[PDB]
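Enquirer: Below you will find the structure I want to go over with you.
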Amino acid sequence: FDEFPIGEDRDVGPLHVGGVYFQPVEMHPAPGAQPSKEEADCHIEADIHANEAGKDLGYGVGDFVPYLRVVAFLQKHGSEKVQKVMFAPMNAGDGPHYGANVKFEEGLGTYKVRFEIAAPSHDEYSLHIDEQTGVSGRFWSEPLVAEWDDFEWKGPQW
Amino acid sequence: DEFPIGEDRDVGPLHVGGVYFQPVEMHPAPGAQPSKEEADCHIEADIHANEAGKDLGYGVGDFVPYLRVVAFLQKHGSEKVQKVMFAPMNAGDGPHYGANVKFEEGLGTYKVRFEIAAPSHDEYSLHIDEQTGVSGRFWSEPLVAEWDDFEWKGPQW
Ligand SMILES: [Cl-]
Ligand SMILES: [Cl-]
Ligand SMILES: [Cl-]
Ligand SMILES: [Cl-]
């Protein structure tokens, strides 16, 4: 299926982050707050894999990084309104990603698109820290940010 | 030094391995697992997608996250069963479902059963549209990987 870029891929902390968008999808179970395939404008996806700095956390470099909490903020140029979109983990035909069906609430135009990526919640993931089997890295405390200041929403490309 | 619980199993879309080795220190320390000092060992359930596998959108060999894994231990000659809830974590060699464990009934031969449940309803999704989506669906009842003659003789380290 056709994917369109949001902007240039970013390397932030131990993460390589890509952003793409494409036609709205039908998800099962549907994230309850996300617009249906009919009501959405598009599906946005954050593709997140460990980079070389991720090795210190125990991830294989290039592997998908699960259990993260990803939120996107969309803000049309010249507007003070900011849309907050919670992404959810899911599999598509091409593997796991974090994503959401969305609506660009202020219509066609240029938007600032920001992904804020939080490490796993305290009780959802652990690291081995003993010298023998452990890792020397640790999860980031402040969310990591990947952003594009001039994304053009020019309507469906499908 | 890692030791197998038994031979790897292929159950549905999962390639499941079980190994044990010395206790580890985890941060945060999960649920009610014993500390590195209190534990007998660390047991890991290594779960990766097999060819069947691709039907859910995974790539062969990929770690399968968001699963809920529990182990049941029963010493031969005993009616008692100990439940071990595994937690997701990274070690220096990558992601695993693991747990520090203290064998309540001590030394002996055990029946070891891993029950693997698909992600919770609100924890994961599949694209199901024709265009972007997948044909497979998660399993309802937990998948089982079992070894009947696991020998616990004490630390091998
Ligand atoms: Cl913003
Ligand atoms: Cl937290
Ligand atoms: Cl910032
Ligand atoms: Cl049992």
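Just so we're on the same page: first chain in the structure tokens is A, next is B, and so on; residues restart at 1 for each chain, and ligands are numbered from 1 in the order they show up.
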List all protein, DNA and RNA residues that have an atom no more than 12 Å from any atom of ligand 3, counting only C-alpha atoms and all ligand atoms, and report them as a list in words.

Expert: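 Those within range of ligand 3 are residues 12, 114, 115, 116, 117, 142, 143, 144, 145, 146, 147 and 148 of chain A.
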
Enquirer: Using N, CA, C and O atoms, can you export the residues from the last selection as a short mmCIF file (atom, residue, chain, number, x, y, z; two decimals), in the first residue's frame?

Expert:
```cif
data_model
loop_
_atom_site.label_atom_id
_atom_site.label_comp_id
_atom_site.auth_asym_id
_atom_site.auth_seq_id
_atom_site.Cartn_x
_atom_site.Cartn_y
_atom_site.Cartn_z
N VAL A 12 16.54 10.56 17.39
CA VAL A 12 16.36 11.22 18.68
C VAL A 12 16.65 10.22 19.80
O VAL A 12 16.01 9.16 19.93
N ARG A 114 4.18 17.18 15.64
CA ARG A 114 5.15 16.80 16.67
C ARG A 114 4.79 15.47 17.28
O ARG A 114 3.64 15.29 17.71
N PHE A 115 5.75 14.53 17.34
CA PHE A 115 5.50 13.27 18.00
C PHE A 115 6.29 13.35 19.32
O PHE A 115 7.49 13.67 19.29
N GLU A 116 5.63 13.07 20.44
CA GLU A 116 6.29 13.04 21.74
C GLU A 116 6.27 11.56 22.11
O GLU A 116 5.20 10.91 22.12
N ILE A 117 7.44 11.03 22.41
CA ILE A 117 7.55 9.62 22.66
C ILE A 117 8.06 9.34 24.08
O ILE A 117 9.22 9.64 24.39
N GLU A 142 12.42 12.51 30.21
CA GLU A 142 11.62 13.47 29.43
C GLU A 142 11.31 12.81 28.07
O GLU A 142 12.20 12.23 27.46
N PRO A 143 10.05 12.91 27.61
CA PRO A 143 9.70 12.37 26.29
C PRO A 143 10.62 12.88 25.18
O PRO A 143 11.06 14.03 25.19
N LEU A 144 10.90 11.99 24.23
CA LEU A 144 11.74 12.30 23.07
C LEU A 144 10.82 12.95 22.06
O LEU A 144 9.62 12.61 22.02
N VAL A 145 11.34 13.88 21.28
CA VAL A 145 10.50 14.61 20.30
C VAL A 145 11.00 14.51 18.90
O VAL A 145 12.22 14.73 18.64
N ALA A 146 10.10 14.19 17.98
CA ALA A 146 10.46 14.15 16.55
C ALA A 146 9.43 15.11 15.99
O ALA A 146 8.22 14.94 16.25
N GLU A 147 9.88 16.12 15.27
CA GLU A 147 8.86 17.04 14.73
C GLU A 147 9.22 17.61 13.39
O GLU A 147 10.40 17.63 12.99
N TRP A 148 8.17 18.04 12.70
CA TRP A 148 8.23 18.61 11.36
C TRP A 148 7.45 19.87 11.39
O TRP A 148 6.27 19.83 11.69
#
```

Enquirer: Compile the contact shell of residue B:36 as a list in words: residues with an atom at most 8 Å away, counting only C-alpha atoms, same-chain residues fewer than 3 positions apart removed.

Expert: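 What passes the distance filter is residues 23, 24, 25, 39 and 100 of chain B.
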
Enquirer: When the cut-off is 8 Å and you count only C-alpha atoms and all ligand atoms, which residues lie near ligand 2, shown as a PDB file with N, CA, C and O atoms, in the first residue's frame?

Expert:
```pdb
ATOM      1  N   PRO A 120       8.311   3.310  28.321  1.00  0.00           N
ATOM      2  CA  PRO A 120       7.179   2.552  28.903  1.00  0.00           C
ATOM      3  C   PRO A 120       6.827   2.995  30.304  1.00  0.00           C
ATOM      4  O   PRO A 120       7.726   3.434  31.066  1.00  0.00           O
ATOM      5  N   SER A 121       5.553   2.860  30.659  1.00  0.00           N
ATOM      6  CA  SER A 121       5.111   3.160  32.022  1.00  0.00           C
ATOM      7  C   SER A 121       5.909   2.284  32.981  1.00  0.00           C
ATOM      8  O   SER A 121       6.387   1.187  32.632  1.00  0.00           O
ATOM      9  N   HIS A 122       6.052   2.802  34.192  1.00  0.00           N
ATOM     10  CA  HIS A 122       6.820   2.176  35.240  1.00  0.00           C
ATOM     11  C   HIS A 122       6.574   0.677  35.382  1.00  0.00           C
ATOM     12  O   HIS A 122       7.524  -0.107  35.383  1.00  0.00           O
ATOM     13  N   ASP A 123       5.300   0.286  35.461  1.00  0.00           N
ATOM     14  CA  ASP A 123       4.939  -1.123  35.650  1.00  0.00           C
ATOM     15  C   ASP A 123       4.805  -1.968  34.392  1.00  0.00           C
ATOM     16  O   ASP A 123       4.339  -3.099  34.480  1.00  0.00           O
TER      17      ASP A 123
END
```

Enquirer: Do a neighbour search on residue B:123 at 12 Å with only C-alpha atoms, toss out local chain neighbours closer than 2 positions, and write the hits as a VMD selection string.

Expert: (chain A and resid 28 to 32 66 to 69 87 to 91 98 124) or (chain B and resid 65 to 68 118 to 121 125 to 126)

Enquirer: Could you jot down the atom CA of residue A:35 to atom CA of residue A:6 separation for me, Å, one decimal place?

Expert: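 These atoms are spaced 19.7 Å apart.
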
Enquirer: Using only C-alpha atoms, select each residue of chain A with any atom at most 10 Å away from an atom of chain B, and give the selection as an MDAnalysis selection string.

Expert: chainID A and resid 1:2 22:32 37 55:61 63:67 88:96 98 122:138

Enquirer: Enumerate, as a VMD selection string, the complete set of residues in stretch 28-123 of chain B that a backbone-based DSSP assignment places in strand (DSSP E).

Expert: chain B and resid 41 to 49 68 to 75 82 to 85 87 to 91 94 to 101 108 to 117

Enquirer: Return the single residue from B:19, B:69, B:14, B:144 that is closest to ligand 4, with distances computed using only C-alpha atoms and all ligand atoms.

Expert: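 Among the listed residues, B:144 lies closest to ligand 4.
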
Enquirer: Ligand 4: which residues are within 12 Å, counting only C-alpha atoms and all ligand atoms? Reply as an NGL selection string.

Expert: :B and (70-76 or 78-84 or 110-115 or 144-150)

Enquirer: Please measure the separation of atom CA of residue A:75 and atom 1 (Cl, counted along the ligand's line) of ligand 1, giving the value in Å to one decimal.

Expert: 5.6 Å

Enquirer: I'd like the neighbourhood of residue A:77 as a ChimeraX atom specification, where a residue qualifies if any of its atoms comes within 7 Å (using only C-alpha atoms), though same-chain residues fewer than 4 positions away should be ignored.

Expert: /A:110-112

Enquirer: May I ask which of the residues A:62, A:43, A:82, A:36 is the closest one to residue A:105, counting only C-alpha atoms?

Expert: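 With only C-alpha atoms as the atom set, the closest residue is A:82.
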
Enquirer: Atom CA of residue A:102 to atom CA of residue A:40: how many Å, to one decimal?

Expert: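 So the two atoms, atom CA of residue A:102 and atom CA of residue A:40, lie 5.2 Å apart.
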
Enquirer: DSSP on the backbone: what in stretch 29-118 of chain B comes out helix (DSSP H, G or I), as a short mmCIF file (atom, residue, chain, number, x, y, z; two decimals) with N, CA and C atoms, in the first residue's frame?

Expert:
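Result file states.cif:
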```cif
data_model
loop_
_atom_site.label_atom_id
_atom_site.label_comp_id
_atom_site.auth_asym_id
_atom_site.auth_seq_id
_atom_site.Cartn_x
_atom_site.Cartn_y
_atom_site.Cartn_z
N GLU B 51 6.68 -18.86 10.74
CA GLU B 51 6.07 -18.58 9.43
C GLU B 51 4.59 -18.18 9.50
N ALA B 52 3.86 -18.76 10.44
CA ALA B 52 2.42 -18.49 10.64
C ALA B 52 1.80 -17.22 11.34
N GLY B 53 2.47 -16.41 12.18
CA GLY B 53 3.66 -15.64 11.88
C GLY B 53 3.25 -14.41 11.07
N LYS B 54 3.56 -14.50 9.79
CA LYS B 54 3.29 -13.45 8.80
C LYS B 54 1.81 -13.07 8.65
N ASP B 55 0.92 -14.01 8.94
CA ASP B 55 -0.53 -13.82 8.87
C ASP B 55 -1.06 -12.69 9.77
N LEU B 56 -0.35 -12.42 10.86
CA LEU B 56 -0.73 -11.38 11.80
C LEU B 56 0.05 -10.11 11.54
#
```

Enquirer: Which residue out of A:41, A:8, A:80, A:47 has the minimum interatomic distance to ligand 1 when only C-alpha atoms and all ligand atoms are used?

Expert: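 Using only C-alpha atoms and all ligand atoms, the shortest distance to ligand 1 belongs to A:80.
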
Enquirer: Just checking: using only C-alpha atoms, which residue out of A:85, A:74, A:42, A:20 ends up closest to residue A:106?

Expert: A:74
